[PDB]
Amino acid sequence: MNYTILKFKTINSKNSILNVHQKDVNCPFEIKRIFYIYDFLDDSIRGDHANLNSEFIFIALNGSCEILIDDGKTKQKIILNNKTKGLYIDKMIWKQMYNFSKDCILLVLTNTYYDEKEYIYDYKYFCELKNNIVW
Amino acid sequence: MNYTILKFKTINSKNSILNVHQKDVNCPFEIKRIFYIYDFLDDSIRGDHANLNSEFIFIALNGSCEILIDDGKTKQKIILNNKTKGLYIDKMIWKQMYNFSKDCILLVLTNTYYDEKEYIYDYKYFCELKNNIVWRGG
Ligand SMILES: Cc1cn([C@H]2C[C@H](O)[C@@H](COP(=O)(O)OP(=O)(O)O)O2)c(=O)[nH]c1=O
Ligand SMILES: Cc1cn([C@H]2C[C@H](O)[C@@H](COP(=O)(O)OP(=O)(O)O)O2)c(=O)[nH]c1=O
Numbered sequence: 001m002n003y004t005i006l007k008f009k010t011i012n013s014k015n016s017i018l019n020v021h022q023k024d025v026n027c028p029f030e031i032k033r034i035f036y037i038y039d040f041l042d043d044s045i046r047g048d049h050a051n052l053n054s055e056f057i058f059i060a061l062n063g064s065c066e067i068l069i070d071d072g073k074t075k076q077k078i079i080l081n082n083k084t085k086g087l088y089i090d091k092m093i094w095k096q097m098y099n100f101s102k103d104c105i106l107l108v109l110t111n112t113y114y115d116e117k118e119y120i121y122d123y124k125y126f127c128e129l130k131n132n133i134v135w
Numbered sequence: 136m137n138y139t140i141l142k143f144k145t146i147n148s149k150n151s152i153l154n155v156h157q158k159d160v161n162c163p164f165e166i167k168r169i170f171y172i173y174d175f176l177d178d179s180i181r182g183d184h185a186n187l188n189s190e191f192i193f194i195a196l197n198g199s200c201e202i203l204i205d206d207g208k209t210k211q212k213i214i215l216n217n218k219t220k221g222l223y224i225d226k227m228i229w230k231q232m233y234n235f236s237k238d239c240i241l242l243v244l245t246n247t248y249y250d251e252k253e254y255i256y257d258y259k260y261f262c263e264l265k266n267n268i269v270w271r272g273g
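In order, the protein sequence lines correspond to chains U and Y. Residue numbering for the first sequence follows the numbering used here, starting at 1 and increasing by one per position. Residue numbering for the second sequence follows the numbering used here, starting at 136 and increasing by one per position.
In structure tokens form, the structure reads like this:
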């Protein structure tokens, strides 16, 4: 599956630490949209979809969570809990996020404007799209 | 001086809160780069420059800090301390940030790639370039 764990370069100066993201700097794509997710309750789950076009980098900026990614062929669990690590996934990877700490802040970077129409919410279709050897 | 304290529209769902930023959603520019600053020790200070092209939104995702902004003629101090608000500033505004809490995480959105040639680190010449721009009609 087309995922990587990225290790960010930081700039340690002025008694603090700076992490930069842009095309070719701790990010393989061109950024167009950012969002962050916070104030999680005990059984919060996010995701349950794949996206046709958007690539993602997920970064836990505070606290931590889990993510299960799935390409139709294999699955992986990933822990995010570190400001110098990110999970990069290509488009057409199903994901769910859960087991959020109380204090988790999740930052997501993507290369597309939000488009409800690029979403795949039906898992069987997703798996047909990833595996069906006719097409 | 051109700045705005934004109140963000949040999406409250799935037992959590989502804040989205892109052109015309909680941000007036096209995003091209993001950065965040953290692990501040007591006396830490950031900024001390102006930028010729870039606009910015500053958000305290966690904790709090104070920002001073300066148009060459006046200055203004603002506290950043929660996730539903940020400070938009236009280009060619000088800024300095200080009084960071130990747990402060500062997130910044901007509309450009990083460019050393866009920085003005000398306040005196900041005021001259800005006074000239203002003089021109800007
Ligand atoms: C990610 C995102 C979501 N939303 C809205 C639409 C969705 O109904 C809701 C949550 O998005 P969605 O991606 O469906 O949930 P998750 O973040 O768990 O994957 O917020 C936007 O308006 N813009 C966005 O960029
Ligand atoms: C913001 C930023 C800084 N840097 C480098 C250049 C600077 O010497 C240093 C700090 O940036 P600078 O903007 O000069 O300081 P501050 O963050 O306090 O305003 O890190 C980058 O390489 N890319 C970036 O996007």
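Yeah, the Cβ is synthetic: ideal placement off N, Cα and C, and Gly gets one too.
Check the C-beta distance from residue i over to residue j and give it rounded, since I have them as a contact under 8 Å.
{"i": "residue 145(U)", "j": "residue 67(U)", "result": "Residue coverage of chain U in this structure runs from 1 to 135, which leaves residue 145(U) outside it and unanswerable."}
{"i": "residue 33(U)", "j": "residue 112(U)", "result": "7 Å"}
{"i": "residue 70(U)", "j": "residue 93(U)", "result": "7 Å"}
{"i": "residue 238(Y)", "j": "residue 138(Y)", "result": "Wrong, their Cβ atoms sit about 25 Å apart, outside the cutoff."}
{"i": "residue 5(U)", "j": "residue 61(U)", "result": "Actually they do not touch by this definition, with Cβ atoms about 16 Å apart."}
Straight-line CA distance for residue i to residue j?
{"i": "residue 260(Y)", "j": "residue 153(Y)", "result": "41 Å"}
{"i": "residue 39(U)", "j": "residue 240(Y)", "result": "16 Å"}
{"i": "residue 194(Y)", "j": "residue 20(U)", "result": "15 Å"}
{"i": "residue 166(Y)", "j": "residue 23(U)", "result": "11 Å"}
{"i": "residue 255(Y)", "j": "residue 177(Y)", "result": "26 Å"}
{"i": "residue 211(Y)", "j": "residue 136(Y)", "result": "9 Å"}
{"i": "residue 267(Y)", "j": "residue 183(Y)", "result": "20 Å"}
{"i": "residue 273(Y)", "j": "residue 242(Y)", "result": "28 Å"}
{"i": "residue 140(U)", "j": "residue 216(Y)", "result": "The requested residue 140(U) is not part of the displayed model; chain U covers only 1 to 135."}
{"i": "residue 179(Y)", "j": "residue 11(U)", "result": "14 Å"}
{"i": "residue 271(Y)", "j": "residue 218(Y)", "result": "38 Å"}
Candidates the options: which alpha carbon is nearest residue i's?
{"i": "residue 214(Y)", "options": "169(Y), 167(Y), 198(Y) and 205(Y)", "result": "198(Y)"}
{"i": "residue 200(Y)", "options": "227(Y), 223(Y), 232(Y) and 186(Y)", "result": "232(Y)"}
{"i": "residue 52(U)", "options": "133(U), 87(U) and 118(U)", "result": "118(U)"}
{"i": "residue 163(Y)", "options": "244(Y), 271(Y) and 256(Y)", "result": "244(Y)"}
{"i": "residue 99(U)", "options": "150(Y), 139(Y) and 210(Y)", "result": "150(Y)"}
{"i": "residue 35(U)", "options": "22(U), 57(U), 48(U) and 41(U)", "result": "57(U)"}
{"i": "residue 128(U)", "options": "31(U), 44(U) and 50(U)", "result": "50(U)"}
{"i": "residue 9(U)", "options": "144(Y), 183(Y) and 172(Y)", "result": "172(Y)"}
What does the Cβ neighbour count give for residue i, buried or exposed, with the cut at 16 atoms within 10 Å?
{"i": "residue 236(Y)", "result": "exposed"}
{"i": "residue 7(U)", "result": "exposed"}
{"i": "residue 257(Y)", "result": "exposed"}
{"i": "residue 265(Y)", "result": "buried"}
{"i": "residue 148(Y)", "result": "exposed"}
{"i": "residue 190(Y)", "result": "buried"}
{"i": "residue 26(U)", "result": "buried"}
{"i": "residue 73(U)", "result": "exposed"}
Quick one: is residue i near chain A, going by C-beta distance under 9 Å?
{"i": "residue 201(Y)", "result": "No chain A appears in this structure, whose protein chains are U and Y."}
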